[PDB]
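J.: Dropping the structure in here first, questions after.
Here the Cβ is made from the backbone with ideal geometry for all residues, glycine too, and neighbour counts use every protein chain on show. All of the numbers you see were taken from the coordinates with simple rules; none came from a lab.
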Amino acid sequence: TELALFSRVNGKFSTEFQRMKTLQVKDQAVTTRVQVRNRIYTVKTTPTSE
Amino acid sequence: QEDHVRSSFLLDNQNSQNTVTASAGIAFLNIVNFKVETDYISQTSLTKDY
């Protein structure tokens with residue numbers, strides 16, 4: 001605002017309002033599953049076992 | 001061997017800017033003078049991923 005009266009009386013009135021905001025969200029979810037199954041031999045009993 | 005990979009990316013973004021500059025200046029014959037101005041800047045961003 002600028003107000004000049006009689007070309008001699010001056011008045012200035014300068015206002016400012018800055019308002020900044022910031023929001024960040026980060027989510028993360030890692031799932032891992034390893035299943036291993038070896039089967040090497042198969043051991044059976046002879047029918048002639050005592 | 002069977003392999004499957006499925007990726008999915010989603011991204012969204014939105015910006016909104018408003019500016020309002022309203023001024024009024026009255027100037028008489030070097031007796032009364034009144035100058036006013038109003039500036040209003042607003043700006044919102046928003047990004048969202050997945």
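J.: Can you find, among B:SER16, B:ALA27, B:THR47, the residue sitting farthest towards the positive end of the charge dipole of chain B, where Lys and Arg contribute +1 and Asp and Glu -1 at Cβ?
T.: B:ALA27
J.: Treating the beta-carbon of each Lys and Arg as +1 and of each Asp and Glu as -1, no other charges, what is the dipole magnitude of chain A about its Cα centre, to the nearest 20 debye?
T.: 120
J.: Can you give the charge dipole size of chain B about its Cα centre, rounded to the nearest 20 debye, using +1 on the beta carbon of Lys and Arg and -1 on the beta carbon of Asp and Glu?
T.: In debye, rounded to 20, chain B gives about 360.
J.: With contacts defined as alpha carbon pairs under 8 Å and 6 or more residues apart, what's the relative contact order of chain B in percent?
T.: Reported relative contact order: 47 percent.
J.: OK, next. Would you mind working out the magnitude of the charge dipole of the protein assembly as shown relative to its Cα centre, with +1 at each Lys and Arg C-beta and -1 at each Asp and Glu C-beta, to the nearest 20 Debye?
T.: 240
J.: Given A:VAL36, A:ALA4, A:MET20, which one lies farthest toward the positive end of the charge dipole of chain A, if we put +1 on the Cβ of every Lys and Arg and -1 on the Cβ of every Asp and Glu?
T.: Comparing the listed Cα positions along the dipole, A:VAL36 ranks first.
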